[PDB]
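Here the structure comes first, spelled out in structure tokens, and everything after it is commentary.
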Amino acid sequence: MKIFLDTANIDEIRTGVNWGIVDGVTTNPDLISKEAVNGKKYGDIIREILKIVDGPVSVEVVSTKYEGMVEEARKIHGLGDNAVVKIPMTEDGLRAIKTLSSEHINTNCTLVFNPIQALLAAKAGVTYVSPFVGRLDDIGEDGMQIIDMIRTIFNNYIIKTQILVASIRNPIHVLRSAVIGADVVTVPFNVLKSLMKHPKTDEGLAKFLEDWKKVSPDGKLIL
Amino acid sequence: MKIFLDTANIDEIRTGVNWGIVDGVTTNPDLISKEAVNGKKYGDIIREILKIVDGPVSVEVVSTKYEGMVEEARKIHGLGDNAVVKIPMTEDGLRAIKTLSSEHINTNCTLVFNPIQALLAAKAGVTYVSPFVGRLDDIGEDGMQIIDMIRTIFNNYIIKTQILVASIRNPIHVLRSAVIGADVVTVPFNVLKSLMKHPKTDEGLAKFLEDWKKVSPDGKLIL
Amino acid sequence: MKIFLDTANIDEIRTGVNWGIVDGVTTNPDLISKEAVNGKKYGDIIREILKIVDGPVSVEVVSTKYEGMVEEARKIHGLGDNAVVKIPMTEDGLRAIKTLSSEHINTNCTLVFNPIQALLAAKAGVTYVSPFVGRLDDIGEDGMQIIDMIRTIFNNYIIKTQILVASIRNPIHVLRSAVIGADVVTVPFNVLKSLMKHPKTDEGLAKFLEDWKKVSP
Amino acid sequence: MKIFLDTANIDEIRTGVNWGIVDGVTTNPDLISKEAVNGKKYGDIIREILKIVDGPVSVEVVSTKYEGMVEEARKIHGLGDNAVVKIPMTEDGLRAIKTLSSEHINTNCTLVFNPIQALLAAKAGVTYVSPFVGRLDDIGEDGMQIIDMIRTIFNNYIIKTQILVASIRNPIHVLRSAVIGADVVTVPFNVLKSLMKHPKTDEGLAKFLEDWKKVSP
Amino acid sequence: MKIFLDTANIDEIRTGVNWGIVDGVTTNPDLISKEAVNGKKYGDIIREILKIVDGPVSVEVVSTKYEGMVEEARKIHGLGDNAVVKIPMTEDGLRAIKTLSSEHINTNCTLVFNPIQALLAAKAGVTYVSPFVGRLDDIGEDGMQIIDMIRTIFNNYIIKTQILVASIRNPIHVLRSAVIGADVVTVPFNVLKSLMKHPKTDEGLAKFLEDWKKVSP
Amino acid sequence: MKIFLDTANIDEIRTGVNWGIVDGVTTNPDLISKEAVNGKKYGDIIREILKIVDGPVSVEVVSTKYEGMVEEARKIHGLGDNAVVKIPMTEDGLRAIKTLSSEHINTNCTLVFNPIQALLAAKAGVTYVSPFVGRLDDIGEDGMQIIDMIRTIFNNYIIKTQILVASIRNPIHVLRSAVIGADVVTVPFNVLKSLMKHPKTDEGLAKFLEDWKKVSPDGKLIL
Amino acid sequence: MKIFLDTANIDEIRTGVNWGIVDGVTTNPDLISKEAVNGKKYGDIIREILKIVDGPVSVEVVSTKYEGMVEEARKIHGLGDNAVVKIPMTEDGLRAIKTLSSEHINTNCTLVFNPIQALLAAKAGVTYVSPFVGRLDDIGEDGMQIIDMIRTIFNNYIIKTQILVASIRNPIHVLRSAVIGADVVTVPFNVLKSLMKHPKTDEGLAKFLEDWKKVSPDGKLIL
Amino acid sequence: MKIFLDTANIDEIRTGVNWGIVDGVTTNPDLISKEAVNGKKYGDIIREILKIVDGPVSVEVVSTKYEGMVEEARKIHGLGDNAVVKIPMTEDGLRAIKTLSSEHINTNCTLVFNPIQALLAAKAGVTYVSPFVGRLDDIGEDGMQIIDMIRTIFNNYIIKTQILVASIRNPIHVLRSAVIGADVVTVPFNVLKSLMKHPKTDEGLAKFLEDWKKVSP
Ligand SMILES: *C(CO)[C@@H](O)[C@H](O)[C@H](O)COP(=O)(O)O
Ligand SMILES: *C(CO)[C@@H](O)[C@H](O)[C@H](O)COP(=O)(O)O
Ligand SMILES: *C(CO)[C@@H](O)[C@H](O)[C@H](O)COP(=O)(O)O
Ligand SMILES: *C(CO)[C@@H](O)[C@H](O)[C@H](O)COP(=O)(O)O
Ligand SMILES: *C(CO)[C@@H](O)[C@H](O)[C@H](O)COP(=O)(O)O
Ligand SMILES: *[C@@H](CO)[C@@H](O)[C@H](O)[C@H](O)COP(=O)(O)O
Ligand SMILES: *[C@@H](CO)[C@@H](O)[C@H](O)[C@H](O)COP(=O)(O)O
Ligand SMILES: *[C@@H](CO)[C@@H](O)[C@H](O)[C@H](O)COP(=O)(O)O
């Protein structure tokens, strides 16, 4: 399972990349606009993320009509070969995904909330499809059940579109995604950092170090 | 399923190896301090086990910082080709695993307590991951369910990291591990001895011997 | 299922209570210390919540010893009959719960993270037990499975302690609690506000509003 | 399971009551406005249905504020003892439901799309709750799963609110409601008539008729 | 589980009655028109079955219209108190069942092929409902599934209508009906006789016969 | 669950009754004819069993026609109120069961091999129905699945006939009967005696007695 | 679920009782010999536990013969009304249970290893039955599955004998027993202590205390 | 699935082999000492079975020490290429299996009673592992569940050791072994003879025999 960072915060991306467990980044207009304050411009933010992140960086078009989406997608593509164009699940979005797929421009269909939307995006040739599990949880349906159905549908037809679980809110979205077999999760920084932690890891590490000081006063391992 | 001995008692290790039922050994700072009493040095104990044991021997770093871990890891690797460097599940541990994996040094990520920690260790390139089922049992959650989820996750992504079940306390941890399909169990010596035994084996042996006396008084097979 | 509000924010409690969907309130030392700022005193906050909320109001002791816990629990009980004394799952806490239960002081055992702790709290006679599902989610275990096991255990032994699901983070903790059959959930205000809402409710209301205007401008 | 007709068409209602399988009627602003054409007024339509149907007749308020909903509800109730006041799942609607339930005015909470909304309506005291299965099917989720969850939740807490499955589109919504154990379904007239029919019933009747002409010309 | 005989053949009925394991009889116009040949009249056959069979005996109307069905049902009722009037699953049939139930005339709704038809018949007050499993088998659907669903639905609503499994073709229809918990099965005579038999019963008798000859010639 | 002894051997019955876990006895013409040798007559055997066993004793008619079965059943009944008349699943047997049931003579329908035979016997009013699990096993169908279906059928209709599992061959027929909820098992003596035994009981008892001799040399418990 | 302490250590028993979490005690000849060292008499140890403990106290006979068992049982009963006589699963044990049950002496049948032994002990009238789950684990079969079958069997026949799960080794034996619905668990002291504890309880307590210092420096609740 | 005959009775083996359904033979010291009576020597019995049976023939060592086991195993191997050396699951036995497997002497590990013993035997390289299902039945555990777990374990690790189900007591051990997918069953002669037979086979043959006589006396 690939793990992407769901943020436009440079310091978070830099930190998570330096950890070696971040395989790419997803952004959206809200995440970018949060960082586009105090003089910083959204063009600088996107270019700096593309520089820091070896893997896929998903950047969302703001146009809602087919022609503007394709024009924006080509400019996004030109920023670097690791850019992925994020396109909403709409009639014009599906037309744009089909056009861009023929041009070998990688795409990510967003604002997906049920399995048949995800299948339509795959049929248009999309590289990644992003169902939003947290926003389904918000309205009282367990969002992970949609990931499970999409995994089954995609397995049935040997679909090559990657499932990119998005709107992730807690580490059990991540656990269940991995047990289902989703291709990618994208997670806020607070979630990513919690994934490495467990109270019994901290307890056990401290205990081992104290056990060791009984045979090595300096605490070193000399061999 | 490979079976490792979880001990640094040299007498136990020799006895287990000579049954031919032991495929490797795991140690940790506690286990080694137990045997480093009354003049025996921890360096001597580690070197001896590496000599006696033909399979992998897992030896744990004691530094908590990345540089200290890679430095100690390279020294452990230099003691023998069967040495495996045991590295805790932490931010610096994951960084150390990725670097060492690139240097073709085998690694074992320890103090793992849930399936996503195990997945992160696999993503860093670790040779073995060791979830601690007995310490989960201690805090009232069935540790074998974590092994089951890790096996499913690893199957989903064709992950090559081996599942090394650790903190084993009884033969049912071993039985359930084999049914799940974990790659390795590491067991204390008293658990190892119990695995060969059953009261109906003992009874049946005794009976066949008495039956054979009716046809051969000396109890031999003359062919 | 009862729905409690997990906050000491008096403005949140007033709003939730005016909606009529809030059956009680839980607090803890963090929640209260979030409000007791810029002059406000914690004793005044607790008394104000006790006044606003008709239903149970949980207030946590701060002492860690049996004697201090019982003395604090008695002062809490005396602030109002709807007060419930929140007591951590410790050896001294179980002793305190047993004493307070014999004195007919209602109790709530908190910081519970597996089903056997919840059973011990019930054996001490506690009125409510609060397993923390979000903090279990945090450490990579589905916290709702612990609620499922506690419900089965309590059903097996006809236990009268109420399961009060706490550390709730989202509306699916609430849905799963109701399908399991937990007695109570306690929810932060953001979660409480989402429980009434659905986008098809909003859409359908707008549509019926336009439909009606055709026969009644 | 009770079976209500989901229409304001007086001819459909008369026909269906004349069959003996119609236990009540539901309406909404769309359904009434469809028949309030060619000089016919909505007040007369509602009154006519109330007279023809012995069972419950659900009539929706159009106000969106608490005070207007309660005032409308009391007028709807005055029209006849079998009137049930249909109220949307909103903050003001839950407030109106609690007030009306204390006045012993029967209520039906509408525009429900998940199980926790249904639980909130039952906590307010509503007589019926109407989850909309067809509109969930429309957005790609199997609406009958929501009914199954509500049935479990209501069984867990011995809830007396009746589950009134609404937005029914086909006979399998009806079959699945009965197997789940929903209290009521409300169905459009074309669904209702299809429920009595099966091709082997038709085939069997024709053969037995031909069989009987053998021994009785 | 009650066991009825599905025939109009007086000799089969007499034989199965002598066995003590036949609780009642069902007939239909095909079955009767098979026995009213070579001078035998259908009115004699019906009275003769009524006379032989202590338990319920179902006799089907031939009218298709409400008033004719009700008139015929009263004539069938007058023939003996154990007569049960078999009425098809149609609009007029449901109307007649309701009227006849109000007159305390027992009824059996026939030509039922899915669970919702069975539910409608129960709602009209019918004493027995007869789904036709063999004819469903004929068209490629496992007819016993329909029995399972009707059992679940009737349990859900504490329905007092008895499930009378009809169109039975083999002993596994009978086994499955009993495992589901259907109230009654009605069986053709060939099927009935087969239910008592098993080759290991035959073999064991013969061997005990030889065994006892070693001890008592 | 009641446990009956399936034998006509006086010494076995006496032994099992003295153990206090035998609630009655079933016989059949073969079992009796095995004991009716060396001068003993079958009438003496039956009367002696009826004397030893407080509970139900099932004795099989040898006639195959209705009138002879009822006449034999009345003579069997006259031997003692604890006698139960065993009658085969045949057309005449069912007629006899119905007649005897009206006369308040207890009955046991035997040679039952499927669930609908068992239901017909219950409808005739039989006190016990005896499906033969071992003889089904012999012909390649798992005989316990018939007990499970009979239990379900009888539960469905609140049938008061007791399920008396017969033709029992091993202790797992007995275990599965108890887990299903059959009313009675009838077991050969060899099976009954094995039911109390387990190798870990013997091992544990011996170990406890040796532990005790460390604090009480005589091996007694003085209080 | 009642919780008994499986020990004869008086200090453990006093400590456990004073937590109010201990409902009774079980002993056996081994456990008592452990505490009957350096002058302490086994009779004194038994009498003291009976004094300290308000709930049942199970004390095991050492005679293997029926007469010896009933004689010792009556003496054990005379020491206090809370005494329960522990009797092994044997032919003579079952006879002793039936006699003692008729004398209204409470009994506990021990060394049970499968569900039919447990059923036989219930048929003899035993107050408690003790299947040994840890010793089953030792010989490679999951002991908790035996508890599950016994609970089903007892439910089937409305058996009043209480299931007393014994040979408990870890907190998951306890968790699974409660989920199954066993009447009683008896646990060693180190397992008892572990049941109250969890690392997130410890962490959360520590955090609330630090949070409270921001509003109250002395860490008290002034009401 | 291979079917072996579990006996040293030469008459049983000849009969089973003449039927063509016997793929091999297992013996043990009890079975052989049952035959070596009234002058007959055990060495002659083993040699005669090796001659009659084309397939594998298992013969158990009697020594309990590694050195004696290997020396006995080598003499057994030299009696014929179809000989397989049966070795008990003990520490010395596992050592002997490992040595003999490296010498390409086929082995069978016996007295196995749980799935981890079977796994250890496979890790030592044993050709066949023989779990004892009837002796587990004797002590109140369903022995076939152990076969099910061993099959799953062996599938998990692509283990090439063959599962040889032993201590078989009835044809349902055989049926369940085949449904699980065990490689081999070894059966006593009484069981072997029952596997071909069914009363409906006997009945149908008699019936076709009579049917044919109508067209061919
Ligand atoms: C190394 C990881 O494979 C092992 O030595 C582990 O440290 C132990 O198995 C942990 O066991 P304990 O919980 O008994 O320390
Ligand atoms: C009291 C027990 O119901 C509550 O106030 C709990 O302390 C909180 O629900 C725990 O929540 P957090 O994990 O968010 O502190
Ligand atoms: C009356 C309803 O119970 C019965 O006589 C039915 O007509 C028959 O069981 C139907 O059987 P066929 O499909 O064989 O006509
Ligand atoms: C009495 C029966 O309830 C108990 O004392 C048992 O003897 C022990 O629980 C057995 O445990 P061990 O297997 O550890 O001896
Ligand atoms: C050898 C291993 O396959 C066999 O001869 C076994 O020893 C027997 O199958 C065991 O049977 P018993 O339990 O009847 O001795
Ligand atoms: C792009 C799709 O992969 C992501 O940035 C999504 O916009 C977010 O993950 C949505 O999360 P929120 O629901 O929290 O906005
Ligand atoms: C009232 C609630 O029982 C009903 O009239 C509902 O408004 C309808 O059943 C909704 O159906 P549509 O989705 O077709 O509007
Ligand atoms: C009477 C019915 O309870 C019993 O004696 C049965 O005849 C036997 O149990 C049948 O056993 P076999 O199949 O071994 O004869």
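When reading the values below, keep in mind they use all heavy atoms of this one structure, side chains included, and skip hydrogens, waters and symmetry mates. Chain identifiers are assigned alphabetically (A, B, ...) following the order of the sequence lines, protein sequences preceding nucleic acid strands; residue numbering begins at 1 within each chain.
How far CD1 of B:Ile168 is from CZ of B:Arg176: 11.5 Å, rounded to the nearest 0.5 Å. Interatomic distance, A:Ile46 CD1 to A:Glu60 CD, rounded to the nearest 0.5 Å: 11.0 Å. Note: A:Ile105 CD1 to A:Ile76 CD1 = 9.5 Å, rounded to the nearest 0.5 Å. The CD1 atom of B:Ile180 sits 9.0 Å away from the CD atom of B:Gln145 when rounded to the nearest 0.5 Å. Expressed to the nearest 0.5 Å, how far CG of B:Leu120 lies from CG of A:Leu192 amounts to 7.5 Å. Between the CG atom of B:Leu164 and the SG atom of B:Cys109 there is a distance of 11.5 Å, given to the nearest 0.5 Å.
Here A:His198 pairs with nothing under the side chain to side chain donor-acceptor pair (under 3.5 Å) rule; sequence neighbours left out. Annotation: side-chain contact (heavy atoms from CB on, under 4.5 Å) contacts of B:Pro56 (sequence neighbours excluded): B:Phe4, B:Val84, B:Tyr128. Under the rule for a side-chain contact (heavy atoms from CB on, under 4.5 Å), the partners of A:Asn9 that lie at least two apart in sequence or sit in another chain are A:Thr7, A:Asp11, A:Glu12, A:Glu35.
Counting non-hydrogen atoms of other residues, nucleotides and ligands closer than 6.0 Å to CG of A:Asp81 gives a total of 12 or fewer. Remark: A:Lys193 NZ is packed, more than 12 non-hydrogen atoms of other residues, nucleotides or ligands lying under 6.0 Å away.
A donor-acceptor pair shorter than 3.5 Å can be found between the side chains of B:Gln117 and A:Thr201. At a cut-off of 3.5 Å, with distance as the only test, a side-chain donor of B:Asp6 or B:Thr26 sits close to an acceptor on the other residue. Between the side chains of A:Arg14 and A:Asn18, no donor N or O sits under 3.5 Å from an acceptor N or O. There is a side-chain donor-acceptor pair under 3.5 Å between A:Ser130 and A:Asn108. Side-chain atoms of B:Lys2 and B:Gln162 form a donor-acceptor pair, as typed in the model, at a separation below 3.5 Å. A side-chain donor-acceptor contact under 3.5 Å links B:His173 and B:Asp137.
Between B:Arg169 and B:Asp138 there is a salt bridge, since a side-chain N of the basic residue sits under 4.0 Å from a carboxylate O of the acidic one. Between B:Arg151 and B:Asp183 a salt bridge is recorded (basic side-chain N to carboxylate O distance below 4.0 Å). Ionic pairing of G:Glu203 and G:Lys200 is present here: one or more N-O contacts between side-chain nitrogen and carboxylate oxygen are shorter than 4.0 angstrom.
By the 4.5 Å heavy-atom criterion applied to side chains, B:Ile139 and C:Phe113 are not counted as neighbours. Between A:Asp54 and A:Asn82 there is no side-chain heavy-atom pair separated by less than 4.5 Å. A:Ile222 places a side-chain heavy atom less than 4.5 Å from the side chain of B:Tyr42. Between B:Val112 and B:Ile146 the shortest side-chain heavy-atom distance does not fall below 4.5 Å. Residues B:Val85 and B:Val61 are in side-chain contact: their nearest non-hydrogen atoms beyond the backbone lie under 4.5 Å apart. Between B:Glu141 and C:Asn114, every side-chain heavy-atom pair lies at or beyond the 4.5 Å cut-off. With a 4.5 Å cut-off on side-chain heavy atoms, B:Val133 and B:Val165 count as touching. For the pair A:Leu175 and C:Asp142, the minimum side-chain heavy-atom distance is 4.5 Å or more.
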Item to complete: Take C:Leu136 and A:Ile172 through the side-chain contact (heavy atoms from CB on, under 4.5 Å) test and state the conclusion after the steps.
Response: CA-CA 9 Å; C:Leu136 288 173; A:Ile172 300 307; over 6 Å; no
Practice prompt. Go through the steps for B:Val59 and B:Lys86 under the test side-chain contact (heavy atoms from CB on, under 4.5 Å), then give the verdict.
Written response: CA-CA 5 Å; B:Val59 182; B:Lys86 196 185 271 199; over 6 Å; no
Fill in: From CA spacing to verdict: side-chain contact (heavy atoms from CB on, under 4.5 Å), B:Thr90, B:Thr64
CA-CA 9 Å; B:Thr90 64; B:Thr64 59; over 6 Å; no
Discussion item. Run the side-chain contact (heavy atoms from CB on, under 4.5 Å) test on B:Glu48 and B:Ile52 for me, step by step, so that the C-alpha distance in whole Å, both residues' side-chain angles and the decisive distance to 0.1 Å come before the verdict.
Written reply: CA-CA 6 Å; B:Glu48 183 65 22; B:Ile52 288 170; 3.6 Å; yes
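Nearest heavy atoms, B:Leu5 versus B:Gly16: CD1-CA, 4.3 Å. For the residue pair H:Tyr157 and B:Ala182, the shortest heavy atom distance occurs at OH-O, 2.6 Å. The two atoms that bring B:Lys123 and A:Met1 nearest to each other are NZ-O, 2.9 Å, heavy atoms only. Listed here is the closest heavy atom pair of A:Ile13 and A:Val25: CG1-CG2, 3.9 Å. Across every non-hydrogen atom of B:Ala96 and B:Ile87, the tightest pair is CB-CD1, 4.4 Å. Residues H:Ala122 and H:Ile159 share a closest heavy-atom pair of CB-CG2, 3.8 Å.
For the pair A:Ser194 (side chain) and A:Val191 (backbone), a donor-acceptor distance under 3.5 Å is present. Counting only distance, with no hydrogens or angles, the side chain of B:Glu72 and the backbone of B:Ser63 share a donor-acceptor pair below 3.5 Å. Of the possible donor and acceptor atoms, none in the side chain of B:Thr27 sits under 3.5 Å from a partner among the backbone N and O of B:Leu31. Between the A:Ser101 side chain and the A:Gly125 main chain, a donor and an acceptor come within less than 3.5 Å of each other. Looking at A:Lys213, its side chain never comes within 3.5 Å of a backbone N or O of A:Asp218 through a donor-acceptor pair. Using a distance-only test at 3.5 Å, with no hydrogens or angles considered, a donor-acceptor pair links the side chain of A:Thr127 to the main chain of A:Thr107. Side chain of B:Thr152 to main chain of A:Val179: no donor-acceptor pair is present (N/O by atom type, distance under 3.5 Å, no hydrogens or angles).
Ring centroid separation for the pair A:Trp19 and A:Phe189 comes in under the 6.0 Å cut-off.
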